[PDB]
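Just the one chain here, the form deposited in one PDB entry, laid out as structure tokens.
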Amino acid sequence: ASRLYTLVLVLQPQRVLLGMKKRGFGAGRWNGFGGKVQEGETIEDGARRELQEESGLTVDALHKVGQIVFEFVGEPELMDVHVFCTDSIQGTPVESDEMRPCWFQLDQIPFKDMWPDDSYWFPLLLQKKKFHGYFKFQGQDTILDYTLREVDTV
């Protein structure tokens, strides 16, 4: 009982792109760009699609950086999130009714206004490490338990 998702971080040498989510689950937080993988779609194709749908950017090159499983108490389905990173994009970020993309300098990442798990795995992302994570949440604010380990292959 896990559902496949993707999550894309646009990480350049001095800045990262995040999107403020305007509606529904995780509204009011800065997010990477992601969503559910579709029937007959590869995980990487889904990641590329989600980046365009949510940011307006076209990815030229993607690489795998992690897998994170999320459990929410009272929710039967686990979220199996495949995380990707790129430095190489085309287009300019687009604000839509759903998302407002903004660049952040790396020492100004707005963790207080991000999912709480990000504090744990962003240090690894920023140093080009790969990882496997598991986070058990109660509601959107509380991590009950987690695991996080660096890996050589995602």
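The term rigid core refers to the most C-alpha atoms you can superpose between the two forms while keeping them within 1.5 Å. Just count from 1 along the sequence shown to find any residue number.
Superposing on the core and measuring CA offsets in 6 other deposited structures of this protein, the stretch of 82-90 and 55-63 with the greater mean deviation is 55-63. Mean C-alpha B-factor is higher over 19-27 than over the other stretch, the pair under comparison being 128-136 and 19-27. Legend: mean Cα B-factor per stretch from the PDB entry, 60-68 versus 45-53; the higher mean is in 60-68.
Across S119, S96, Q38, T92, the greatest Cα temperature factor reported in the deposited entry is at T92. In the deposited entry, the Cα temperature factor of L78 sits in the middle third of values across the chain's modelled residues. When the CA B factors of the chain's modelled residues are split into thirds, the value for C102 lands in the lowest one. In the PDB entry, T147 places in the middle third of its chain by CA B-factor.
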